[PDB]
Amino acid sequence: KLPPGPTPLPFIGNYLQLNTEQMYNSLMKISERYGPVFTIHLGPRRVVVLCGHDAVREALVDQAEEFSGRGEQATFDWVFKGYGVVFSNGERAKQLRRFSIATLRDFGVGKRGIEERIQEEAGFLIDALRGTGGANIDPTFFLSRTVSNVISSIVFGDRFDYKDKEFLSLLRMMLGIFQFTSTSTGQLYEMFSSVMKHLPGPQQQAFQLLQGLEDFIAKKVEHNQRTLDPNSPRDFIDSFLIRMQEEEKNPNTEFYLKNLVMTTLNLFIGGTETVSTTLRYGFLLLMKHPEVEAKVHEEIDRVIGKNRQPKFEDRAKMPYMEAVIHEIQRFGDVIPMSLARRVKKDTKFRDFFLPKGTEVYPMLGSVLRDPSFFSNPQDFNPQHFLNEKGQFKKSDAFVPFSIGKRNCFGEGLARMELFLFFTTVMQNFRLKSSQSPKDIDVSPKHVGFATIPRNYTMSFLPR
């Protein structure tokens, strides 16, 4: 009655069928044998796996409510423990998601306000990139300081100074955690956390980075409590603390300190790491494909010029830039197995029985690379989202933010960030790799919870 899958052994589950260094490939290799919907055992953790566009959409959209429960990511749940928007369920999820979405809008997300903040911030990236004097540099922290400063703008009330040593520290913590969760040890941790959380190893270093990010948030919150004005909120934290006051006589309220610290931490991490990684992978992809970079320059110079900052409405007159970013996201596949979902109830799904609480892995990478939706799925080719005529061609398999009821509500900010950061860098600079185009490896360095591109250096040269 459960979907078919390979026979597990007691406790270790399907250990013998999985290579934890390549979870995505192992699962895809299993899906080739069993079909697109299968049951896998991550140790004693039973998970149903959805591969391909049709399986992912049929579950997450066509049966949206049923598949709207949140599952586990054990590394991250070490600190969160079900608190905060991302890892919450039921009433807690309803309440925090509604609040988060509305308070981000109040602070300019999808509005003129945040567009101005992003333009300013891009401005500061531009100056910082000129300041290398065309140097061969690691762009990791330049990109990530810039990106993080936007969400930090919204949640903490001010940006970080690029020279701030504590800022760099947090960014290393973030990079560190995503790194770990995409290593074989990270993925074994997903299978055997109840043992491994008590064992020395890279787990312990990852928990310590998570604890450092937690301590920094709770000290930012403590500061806000001590200085709050209930009639003029400075930031997201302020808004949340005001609601905590209004709610202190509701006995069943989800608005309390632990949910504030953990939601704020979801936002800070969310709004920092994915867009940053996307950009870094982006500049690698473009350096590997000079023909695509040249076509980008052409369009920016024609539609925008050189005399001003790019804006968000510029998107509508720029078919090719939209297709490069969509293709960057589709190739990049930054979060390849989504965040895990779970069935809210005993559930019937295309002739299988899913008991209440069964964890579900929507293989977003299998949709981004579904050969029914994309011609040569393993090639970076911006034409994947283009008319024969050259107009922007959408895709139902374009799913890097997932779909359904618990879909990324950061999509709006991220899309605005990607566009303005990519064009404003492209307008002001051309990209020059440390090796020739043919010797650049664009294959990932780590794939697990995230797709992590290889360490590289590059140069930014003015036009």
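Basically, rigid core = biggest C-alpha set you can superpose within 1.5 Å across the two forms. Residues carry their position along the shown sequence, with the first being 1.
Asker: Hey, after superposing on the core, which one moves around more in 4 other deposited structures of this protein, 330-338 or 247-255, CA-wise?
Answerer: Higher root mean square deviation of C-alphas in 4 other deposited structures of this protein is shown by 247-255.
Asker: Taking C-alpha RMS after core alignment, which stretch differs more from the shown form in 4 other deposited structures of this protein: 8-16, or 21-29?
Answerer: If we average over structures and residues in 4 other deposited structures of this protein, the farther stretch is 8-16.
Asker: Comparing average C-alpha B factors as deposited, tell me which of 35-43 and 50-58 sits higher.
Answerer: Comparing 35-43 with 50-58, the higher average CA B-factor belongs to 50-58.
Asker: Taking the recorded C-alpha temperature factors, which stretch has the higher mean, 10-18 or 447-455?
Answerer: It is 447-455.
Asker: Among 227, 266, 89, 148, where is the Cα temperature factor highest, going by the PDB entry?
Answerer: Highest CA B-factor of the listed options: 227.
Asker: According to the Cα B-factor stored in this entry, which of the following is highest: 281, 353, 236, 380?
Answerer: Largest recorded C-alpha B-factor: 380.
Asker: Sorting by Cα B-factor within the chain, modelled residues only, which third would residue 438 end up in: lowest, middle or highest?
Answerer: Its C-alpha B-factor belongs to the highest third of this chain's values.
Asker: Using the temperature factors of the C-alpha atoms in this entry, rank residue 330 within its chain: lowest, middle or highest third.
Answerer: For residue 330, whose C-alpha B-factor we compare with every modelled residue in the chain, the answer is the middle third.
Asker: So where's residue 103 on the chain's Cα temperature factor ranking, which third?
Answerer: Within its chain, residue 103 is a middle-third residue by C-alpha B-factor, going by the deposited values.
Asker: Sorting by Cα B-factor within the chain, modelled residues only, which third would residue 398 end up in: lowest, middle or highest?
Answerer: CA B-factor rank for residue 398: middle third.
Asker: Place residue 190 in the lowest, middle or highest third of its chain's C-alpha B-factors, as listed in the PDB entry.
Answerer: As the PDB entry reports it, the C-alpha B-factor of residue 190 lands in the lowest third of its chain.
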